[PDB]
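Q: Attaching a single structure in structure tokens format; questions to follow.
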Amino acid sequence: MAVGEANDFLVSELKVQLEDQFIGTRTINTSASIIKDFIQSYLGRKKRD
Amino acid sequence: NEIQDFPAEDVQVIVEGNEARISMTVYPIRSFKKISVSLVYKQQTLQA
């Protein structure tokens with residue numbers, strides 16, 4: 001149960017945040033770096049909790 | 001800016017008696033009246 005719960009919450013939160021943040025934004029040159037920084041922040045917050 | 005350019009090496013002068021023979025070339029001045037812009041769109045990929 002625990003693993004499955006962690007996987008489901010992780011996927012759902014990542015799906016929601018990625019869809020809210022980067023869909024509809026502009027495909028600027030620094031888009032890939034920004035995305036990378038936002039994922040690292042998000043994973044570092046997960047690891048912190 | 002009354003002329004564009006001239007091939008200075010191609011200027012020739014020949015004299016015989018009182019006949020002043022001159023021959024040259026000149027690139028004429030002109031003013032733009034048509035502009036053709038061929039724009040092309042492409043896709044670029046970015047890594048990180």
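Chain lettering (A, B, ...) mirrors the order of the structure tokens, residue numbering begins at 1 for each chain separately, and ligand numbering begins at 1 in order of display.
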Please, which residues of chain A lie no more than 7 Å from chain B when the count uses only C-alpha atoms, and can they be set out as a ChimeraX atom specification?
A: /A:32-33,36
Q: Output N, CA and C atoms of each residue in that selection to a file, as a PDB file, in the first residue's frame.
A:
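As a result, again_19.pdb now contains:
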```
ATOM      1  N   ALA A  32      14.216  24.788 -21.505  1.00  0.00           N
ATOM      2  CA  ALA A  32      14.667  23.496 -21.010  1.00  0.00           C
ATOM      3  C   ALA A  32      15.395  23.632 -19.682  1.00  0.00           C
ATOM      4  N   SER A  33      16.206  24.680 -19.528  1.00  0.00           N
ATOM      5  CA  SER A  33      16.880  24.882 -18.251  1.00  0.00           C
ATOM      6  C   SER A  33      15.873  25.183 -17.154  1.00  0.00           C
ATOM      7  N   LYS A  36      14.192  22.096 -16.092  1.00  0.00           N
ATOM      8  CA  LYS A  36      15.116  21.286 -15.303  1.00  0.00           C
ATOM      9  C   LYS A  36      15.241  21.828 -13.884  1.00  0.00           C
TER      10      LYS A  36
END
```
Q: For the strand (DSSP E or B) assignment from backbone DSSP, which residues of chain B qualify? Please present them as a VMD selection string.
A: chain B and resid 5 12 to 16 19 to 23 27
Q: To one decimal place, how far is CA of residue 13 (chain B) from CA of residue 25 (chain B) in Å?
A: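 So the answer is 12.6 Å.
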Q: How many Å separate CA of residue 19 (chain A) from CA of residue 39 (chain A)?
A: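 Interatomic distance here is 12.7 Å.
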Q: When you look at residue 46 (chain A) with a cut-off of 10 Å (counting only C-alpha atoms), what residues show up, excluding the ones that are within fewer than 5 positions of it in the same chain? I need them as a list in words.
A: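 Those residues are residues 10, 40 and 41 of chain A.
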